[PDB]
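Note sheet for the following structure.
Numbering (the authors' numbering), first residue to last: 2 to 150.
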């Protein structure tokens, strides 16, 4: 129960950091962070109870913590912008535009066609997504409809 407070704080901090970096749009969601940190703790306490070591328990609790959060739309937009638009939109623009593009109806309508599972980026369909996003941003720039500031 001291262990449980210490572990809970450890899982919460890891998830806060991970969201801050990869899902900034979700990073202030206290209901999710509380609920997901609680789930990871239960996985940890279960594993210990069933005979797993501390490192084993922490490892599998971390898989619980991060479950369904391996694919990041934010990260994908940042990468597209850095790899493909480096000349037209150099740093720090990728980090500033990606959150706004994430709210753009053209960009959303592209991501919505795909099943963004944890293993999506390894998927054949990743390359399709990436090319489609690149093409959309080209159109946004050429039509002078790129979101600003």
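Even for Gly, the Cβ is constructed at its ideal location relative to N, Cα and C.
In the structure shown, residue 108 falls within a helical segment according to DSSP collapsed to helix, strand and coil. Remark: C-beta atoms of residue 79 and residue 95 approach each other more closely than 7 Å.
Excluding five sequence positions before and after residue 137, the CB atoms of its chain that fall closer than 7 Å to its own CB belong to 107, 108 and 111, given in chain order. Note on residue 97: under 16 other CB atoms within 10 angstroms of its CB, so exposed under the neighbour-count rule.
Of the candidates 92, 122 and 82, 82 places its Cα closest to the Cα of residue 103. Leaving aside the five residues that flank residue 25 on each side, the residues in its chain whose CB is nearer than 7 Å to its CB run, in chain order, 75 and 100.
Around the beta carbon of residue 41, a 10 Å sphere encloses 16 or more other beta carbons of the protein chains shown; the residue is thus reported as buried. At a cut-off of 4 residues, the continuous stretches assigned as alpha helix (DSSP H) that sit fully inside the region 21-88 are 31-51, 55-67 and 74-85.
Counting every other CB atom within 10 Å of its CB across the protein chains shown gives residue 134 a total of 16 or more, marking it as buried.
In the DSSP assignment, residue 122 falls outside any alpha helix (DSSP H) and carries neither an H nor an E. Residue 131 and residue 86 have their C-alpha atoms roughly 13 Å apart.
Taking every protein chain shown into account, the CB of residue 84 has fewer than 16 other CB atoms within 10 angstroms, so this residue is exposed. Beyond the five residues adjoining it in sequence on each side, residue 62 comes within less than 6 Å, by CB distance, of 41, 44 and 45 in the same chain, given in chain order.
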